[PDB]
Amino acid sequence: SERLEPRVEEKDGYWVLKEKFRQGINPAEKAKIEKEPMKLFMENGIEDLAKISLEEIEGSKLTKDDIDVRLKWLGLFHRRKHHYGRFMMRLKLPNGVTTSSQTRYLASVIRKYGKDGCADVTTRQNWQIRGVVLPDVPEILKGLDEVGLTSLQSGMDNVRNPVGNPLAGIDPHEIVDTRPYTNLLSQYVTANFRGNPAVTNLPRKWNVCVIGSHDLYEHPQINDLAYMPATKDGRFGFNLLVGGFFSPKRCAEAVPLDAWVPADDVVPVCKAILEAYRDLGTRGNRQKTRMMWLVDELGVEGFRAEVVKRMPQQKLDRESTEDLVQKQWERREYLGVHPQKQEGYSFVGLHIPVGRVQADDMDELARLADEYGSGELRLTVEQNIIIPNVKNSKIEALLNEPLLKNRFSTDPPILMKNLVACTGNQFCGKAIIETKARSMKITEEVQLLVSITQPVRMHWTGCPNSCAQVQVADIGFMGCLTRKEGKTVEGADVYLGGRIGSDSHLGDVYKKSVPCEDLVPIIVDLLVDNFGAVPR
């Protein structure tokens, strides 16, 4: 069979598209062919690239592709359009678990760039830092490694940050601690921080998550692979869901693979699915390359059969009938102070306004973690931060800290609690609109106008990529250009009725291309009409 012949092959320890499969391939594919991105790290190609001047780099397609494309395999994103010559940098941070000494190291990096530095918590409970310049990269990379961090394979056609339960290990109601799994996935994916070329040539990005909570903080429905906790014949394992994605062209919720694996087949099955997708995924139209297109093209039974054959021992159990997720569970709030599983300890959830932090904030967060916590922080997919492991006797002193007074509140105004916003055009070259500052301003004006009790989830995304996941929001805003009074302005498509949890739903467009200046009255009506709000 032509179709089921692997499109890529091992060639000198990297994985390259065969000469017979070059028909109709997209620009990303061409770039990957012209040079294996992983050589930048694995043959220390970065050390040489970091010395070439910026305009020497710009003079050739190969080196300009190195900086604009291949460097994303090392977690480095050139902000060509909004931050020319500087790089955002993005980690692996499985489960969102960071240390105070990681957080201090990142602060020391972004501090070098003064006002060209800052950082962000992301919608995959991850750190990004900003302001990085190419000559600093080899030392930054060494410095990440010293504090137990990697930035490998965090952008482009790679396995993205493994998402788990932000309360793993400390949650009194958790189903299973997700940390050992998200950690093993990340370790497998980066070959213990060395780089793993076997999984670095996918037809597109690939999101993985491990569910350990009844709340489904992990968003299984919108991941390429979701691991759902489930017993089979008295053994603990996971039912598998595949193909969930957001793109400008199409969104899909994850579907059952009709498969169950035992606890220690988590890595083997990740491997088998990744390998099936690598080998078989389409590499033409870039907008038909997400794994769900393969699942549709072969059918799920057809895709499933390709997973079986790449399993050790050719075996993949059928789905277990009854999973461990309580179908009727009210999602818990984690902002504020909450009892932990461990007696006499609490976790404290801090509101990070649209996930943006400065060097000083980071150093302060790291100190508060040491002084009051266990030197650990838990990042969340709503772009917030929890300090876990606070002895109850220390809470009151923590509560008085200027950081919690002036920047990161345990008790933000209702509408701010759950406000999520993607990078936007401050730095994102693909953005049509400014998100972070504007969303805060519009929400501040909105709350001044309403009494509301329900903690409405509001998501602001800068373009149709939907990195801020507007299709799961109660009200979502997707950046577009529109017309005001003849002038071309920043506007938004307004989404309604996305749901998260067990009864999840993708919302659809409520109103098209609304000028952003006209958003407040529309949002108030939407709050008043759908979410229990009472006017002025």
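Start at 1 with the first residue shown and count on from there.
Taking the mean of the C-alpha B-factors per stretch from the entry, tell me the winner out of 220 to 228 and 132 to 140. It is 132 to 140.
Decide which of the stretches 322 to 330 and 148 to 156 has the higher mean C-alpha B-factor, going by the entry. Taking the mean B-factor of the alpha carbons in each, 322 to 330 is higher.
For the CA B factor values reported in this entry, which option in 78, 378, 111, 90 has the top one? That would be 111.
So if I compare the CA B-factors in the entry for 38, 468, 28, 494, which one is the largest? That would be 494.
Split the chain's modelled residues into thirds by Cα B-factor; is residue 512 in the lowest, middle or highest one? Top third by C-alpha B-factor.
Chain thirds of CA B-factor: placement of residue 304: Lowest third - that is where residue 304 ends up once the chain's C-alpha B-factors are sorted.
Lowest, middle or highest third of the chain for the C-alpha temperature factor of residue 533? As the PDB entry reports it, the C-alpha B-factor of residue 533 lands in the highest third of its chain.
CA B-factor ranking of residue 445, expressed as a third of its chain: Residue 445: CA B-factor falls in the highest third of its chain.
Please rank the C-alpha B-factors of the chain's modelled residues and tell me whether residue 96 sits in the lowest, middle or highest third. It belongs to the lowest third of the chain when residues are ordered by C-alpha B-factor.
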